[PDB]
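Only one structure is covered here, and it is reproduced in the block below.
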Amino acid sequence: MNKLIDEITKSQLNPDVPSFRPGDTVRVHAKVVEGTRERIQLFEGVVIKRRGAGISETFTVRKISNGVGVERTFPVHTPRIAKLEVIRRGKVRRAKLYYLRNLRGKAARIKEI
Amino acid sequence: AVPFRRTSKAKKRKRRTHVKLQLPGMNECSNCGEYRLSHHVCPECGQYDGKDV
Amino acid sequence: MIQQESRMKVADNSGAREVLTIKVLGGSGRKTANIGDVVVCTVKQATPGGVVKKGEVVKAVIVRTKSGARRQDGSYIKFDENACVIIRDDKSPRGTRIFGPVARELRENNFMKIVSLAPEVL
Amino acid sequence: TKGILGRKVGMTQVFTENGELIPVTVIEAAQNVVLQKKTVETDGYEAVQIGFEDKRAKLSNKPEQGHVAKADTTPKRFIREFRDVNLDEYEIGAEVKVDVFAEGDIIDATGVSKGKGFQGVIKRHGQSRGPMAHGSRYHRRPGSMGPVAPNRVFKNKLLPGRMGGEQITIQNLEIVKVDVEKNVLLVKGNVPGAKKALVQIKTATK
Amino acid sequence: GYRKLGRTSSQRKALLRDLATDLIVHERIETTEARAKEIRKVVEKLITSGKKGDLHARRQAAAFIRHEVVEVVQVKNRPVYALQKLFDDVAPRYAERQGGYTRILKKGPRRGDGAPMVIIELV
RNA sequence: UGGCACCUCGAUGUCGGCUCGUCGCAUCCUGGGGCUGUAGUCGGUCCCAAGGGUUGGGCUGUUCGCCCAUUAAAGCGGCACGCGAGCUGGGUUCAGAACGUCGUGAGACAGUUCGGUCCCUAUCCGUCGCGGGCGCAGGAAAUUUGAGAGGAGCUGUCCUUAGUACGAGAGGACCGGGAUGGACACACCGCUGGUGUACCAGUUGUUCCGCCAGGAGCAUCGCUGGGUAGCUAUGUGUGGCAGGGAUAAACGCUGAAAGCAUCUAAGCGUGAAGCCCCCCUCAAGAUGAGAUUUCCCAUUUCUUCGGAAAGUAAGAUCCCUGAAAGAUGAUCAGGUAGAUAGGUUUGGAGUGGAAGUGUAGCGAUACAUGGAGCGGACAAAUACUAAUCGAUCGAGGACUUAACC
Ligand SMILES: [Mg+2]
Ligand SMILES: [Mg+2]
Ligand SMILES: [Mg+2]
Ligand SMILES: [Mg+2]
Ligand SMILES: [Mg+2]
Ligand SMILES: [Mg+2]
Ligand SMILES: [Mg+2]
Ligand SMILES: [Mg+2]
Ligand SMILES: [Mg+2]
Ligand SMILES: [Mg+2]
Ligand SMILES: [Mg+2]
Ligand SMILES: [Mg+2]
Ligand SMILES: [Mg+2]
Ligand SMILES: [Mg+2]
Ligand SMILES: [Mg+2]
Ligand SMILES: [Mg+2]
Ligand SMILES: [Mg+2]
Ligand SMILES: [Mg+2]
Ligand SMILES: [Mg+2]
Ligand SMILES: [Mg+2]
Ligand SMILES: [Mg+2]
Ligand SMILES: [Mg+2]
Ligand SMILES: [Mg+2]
Ligand SMILES: [Mg+2]
Ligand SMILES: [Mg+2]
Ligand SMILES: [Mg+2]
Ligand SMILES: [Mg+2]
Ligand SMILES: [Mg+2]
Ligand SMILES: [Mg+2]
Ligand SMILES: [Zn+2]
């Protein structure tokens, strides 16, 4: 917490991000660099965690791809995310959802509000 | 772990140069006019800052 | 973070099915390898009838780890297991097809054949 | 060659034009004033003397406010000297702003490290432990003090003592952004010291 | 941070609850210097609950005050407890003062072990 | 490996490993050269050079050795075969037991095998940190010079020059430029993680708050899921960059002794990761006690003279509130000329939807009021509580000469 750092790192905050909680499915349109081309890759999964304050805030998205679980961590205010969607909202009782790492299908399902 | 030689009188007196204890920081009371410690309640007239406690 | 005596399963079509690490190439005192690093290793469990036999000393590359890599953009990737692909003297796989997701960092290490065969390059 | 004095405010991060993310250190460098100029004909060496923060007239003393009165300024809290500096500039009583630097400049950061108290050998000097099992009774001890022949132990035998609180220079640090209105300098990376510590920013010597 | 008083986290929790209740009941006690610099924070944070007057505030302060009788009145001789006095007697006194409901006065060393003793009083 | 028996039997602990190193050069790698039966890439041999570096495992108590896989390389030796008042105790060299062999026997081997008590509160020097005193011809507050000393010093791969030089081909450069790593070192906590016993939540048993509801004690913090400040690596930033002077081996110019020849006698030029500098840190007790800027001034009593004491000036301290500091001193932030600490009011990270009431359900329970309630150490305001009042220490500046006086 510091008032001077808050004012300096304010023009870089992203005003386009929506409101999401840990426990709901999101789709991330991330800009990906090839050898020479720029394309957008889609990452869809459930939000596992969300920590930080201000420009230093990050969040984590988990999906199971080809039978192997993958987790991807992003800064909230990065310009490398074209846009972010909230597909569905789930009911959870935790702020950190680490129990889904030791937990496979039909038992890792999240309810809906 | 055991003294090789006994300590002389001079060497035993030099070491005790710093084993003294300092003089108390006492002060004259404003009300009853006798000695007391600074920032402390006077033990005789039972007053601090000019008000009885 | 893979060092000597670390086991990691094989993720391609060759005969090997589990592998134990022998040495991490790159330097005299090097003691840790991560995504995109080549290691010397031995076969501890093989599927019957495969090309690669048990007890064989082979080289291999690391395609995914439980503690993944960080990109220059400030983002992170982690997987749920440590995986492995057996390679030849050059950077070509000894198998026919790859299983599971594969990190993007191999595209920066000139492992172009393994990238093409992967179902997903995350 | 330029130079200012500042206070370590904190650490944060910024996004560059490529989208890359870097860590930076915030330094506030207001109220810099030139106090004295030292020359060869009077001292034998050339330097410029700078004062960083003014303080209340109660905290100052009689000798101090007669020295800053030559430059027509309020008594200052931190005073340091800069060498290898062109004396043609730096008129007495002038204000030193953060605009002397610019984006992309390479600097050096001098400060006093954070304080660690009485510390042992494997934290202070990064030595190894002994076995924690197999019947051993040697865990966090210094080691052998030397051979038998000298009948003594040599100098520079590293042992426990007071660890921190010493001056450190970190070289070749980049400048990411300069904010003249807020008197703030953004330096990419780390600088020695705790919060509110004095930092001496000088151009790179190499 | 906060200071450990030569006792574990369970003894320390109990020590602060006995000393904070004694200052409410008696309003003037003898303790040591370090032991009084600590109950200076747990007592003023307790008057603030009494200045709210809520049921939520009363239930929160009831988890700290010990259950002991300050004195017995015949309203029908019914006892009066420390929680009642805190919310009905002590708290209304400081309805205008913002902070600093206590003061400390130094006395001198104690004969038995040389400990520095002080007065902490609730005004 | 031995010879002698000079110190030690009123006790000089004996192999291997661990922690910590330091020195020699008869150089393992890197640096510079001469010769080659040196085409190129590789090599052999010798000369200069000790600046840095010199791996992880299998078997064995093992040093040694062989093997597996790497590396630029996996050097040889000294220091009581360095190091047990620093560690271990696998081997050796105590009492038990068994095998083979020897002995009539009790027993033995310098054969094997299983098990087998490693004591000590540091006096002096020595080493690593931290204070007090006096000194530095007046008393003070800051900023500094650097005599001297310590640290650092390592190196791989890829691209280009160039498929050029070389070579019949196969193969394949020197010199130069750029990028990026291994090991190591310093600093820091914004990021990824760890911890986080006065933060938040779920839950079992039993006792208590008279009962329900709501809570408290004990059970490893009772257990479980998270986590603030601080401290941290495996995390992040940076470093060994580019150079100068004199040289070693070596290669040369001019040049006689000795009409030629000759790198030598006189005189000149190149020439190493090495020396002295450049880079980082300490440093005027450097008794050789240095320098600059600023502040206070020339009091009063006594002495026979050297001189003394007693109020002070500038300044500092005793005492008190503390942390960015700390074993204690010390350092630093402050003492009403006040935001130093606590409290209070707004926030923040963190946790996750409080109590009360109401609705739905037979009930466990769910929903609403409501991102609610709580919230150590984090931020800003506020003088409300405590830094009250006081006391102590601390100058008046010797003599000679020299430019002006
Ligand atoms: Mg959050
Ligand atoms: Mg132990
Ligand atoms: Mg307990
Ligand atoms: Mg001999
Ligand atoms: Mg004889
Ligand atoms: Mg004897
Ligand atoms: Mg002996
Ligand atoms: Mg003896
Ligand atoms: Mg022996
Ligand atoms: Mg030699
Ligand atoms: Mg050669
Ligand atoms: Mg030995
Ligand atoms: Mg010894
Ligand atoms: Mg026997
Ligand atoms: Mg017989
Ligand atoms: Mg055994
Ligand atoms: Mg001892
Ligand atoms: Mg961190
Ligand atoms: Mg109940
Ligand atoms: Mg309980
Ligand atoms: Mg009980
Ligand atoms: Mg816990
Ligand atoms: Mg926990
Ligand atoms: Mg160099
Ligand atoms: Mg030269
Ligand atoms: Mg001086
Ligand atoms: Mg603070
Ligand atoms: Mg002070
Ligand atoms: Mg305050
Ligand atoms: Zn009195």
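Any residue at all in segment D:149-156 that is over 30 Å from D:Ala30 (Cβ atoms) and either within 16 Å of ligand 2 (Cβ to nearest atom) or in contact with a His (Cβ under 6 Å, 6 or more places away or on another chain) (or both)? Looking through segment D:149-156, none of the residues is over 30 Å from D:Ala30 (Cβ atoms) and either within 16 Å of ligand 2 (Cβ to nearest atom) or in contact with a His (Cβ under 6 Å, 6 or more places away or on another chain) (or both). For beta carbons closer than 7 Å, sequence separation of 6+ or different chains, a first residue in segment A:5-16 that is in a loop (DSSP other than H, G, I, E, B) and a second that is among the hydroxyl-bearing types (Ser, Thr, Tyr), the qualifying pairs are A:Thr9/D:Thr12. Among the residues of this structure, A:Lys49 counts as one that is within 15 Å of the chain's Cα centre (by Cα), within 15 Å of C:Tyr76 (Cβ to Cβ) and within 16 Å of ligand 1 (Cβ to nearest atom). Only one of the listed residues (A:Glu38, A:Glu44, A:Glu34) is within 14 Å of chain C (Cβ to nearest Cβ) and within 24 Å of A:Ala108 (Cα to Cα). That residue is A:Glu44. Has segment D:143-159 got at least one residue that is over 21 Å from the mean Cα position of the chain (by Cα) and surrounded by 14 or more Cβ atoms within 10 Å (Cβ to Cβ)? No, segment D:143-159 has no match at all. Please tell me if A:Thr73 is within 9 Å of chain C (Cβ to nearest Cβ), more than 24 Å from C:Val63 (Cα to Cα) and of a type in the set (S, T, N, Q). No.
I want to confirm something. Restricting to segment A:99-113 and keeping residues that are in contact with a strand residue (DSSP E or B) (Cβ under 7 Å, 6 or more places away or on another chain) and not charged (D, E, K, R), which single residue is nearest to C:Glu81 (Cα to Cα)? Step by step, filter segment A:99-113, then rank; the result is A:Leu100. Being over 15 Å from the mean Cα position of the chain (by Cα), of a type in the set (A, V, I, L, M, F, W, C) and under 20 Å from C:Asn13 (Cβ atoms) narrows it down to one residue among C:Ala46, C:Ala60; which is it? Step by step, each of C:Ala46, C:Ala60 is checked, and only C:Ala46 is over 15 Å from the mean Cα position of the chain (by Cα), of a type in the set (A, V, I, L, M, F, W, C) and under 20 Å from C:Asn13 (Cβ atoms).
For segment A:49-77, residues that are β-branched (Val, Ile, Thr) and either more than 11 Å from RNA strand F (Cβ to nearest atom) or farther than 21 Å from D:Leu21 by Cα (or both) total 4.
The criterion of being part of a loop (DSSP other than H, G, I, E, B), away from chain C (no Cβ under 14 Å) and not small (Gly, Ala, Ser) does not hold for A:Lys83. With the condition kept exactly as written, say whether any residue in segment D:132-148 is under 24 Å from D:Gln31 (Cβ atoms), part of a loop (DSSP other than H, G, I, E, B) and away from ligand 30 (no atom under 16 Å from the Cβ). The answer is no; no qualifying residue exists. State yes or no: is D:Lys155 more than 30 Å from D:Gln36 (Cβ to Cβ), among the charged types (D, E, K, R), touching a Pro at 6+ places or on another chain (Cβ under 9 Å) and more than 14 Å from chain A (Cβ to nearest Cβ)? No; evaluated as a whole, the condition is false for this residue.
Report yes if some residue within segment D:160-167 is within 12 Å of the chain's Cα centre (by Cα), surrounded by 14 or more Cβ atoms within 10 Å (Cβ to Cβ) and of a type in the set (D, E, K, R); otherwise report no. The answer is no, given that none of the residues of segment D:160-167 is within 12 Å of the chain's Cα centre (by Cα), surrounded by 14 or more Cβ atoms within 10 Å (Cβ to Cβ) and of a type in the set (D, E, K, R).
Read the figures in this text as sums done on the coordinates, not as results from a lab. Heads up, the Cβs are rebuilt from the backbone with ideal geometry, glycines too, and the neighbour counts pull from every protein chain shown.
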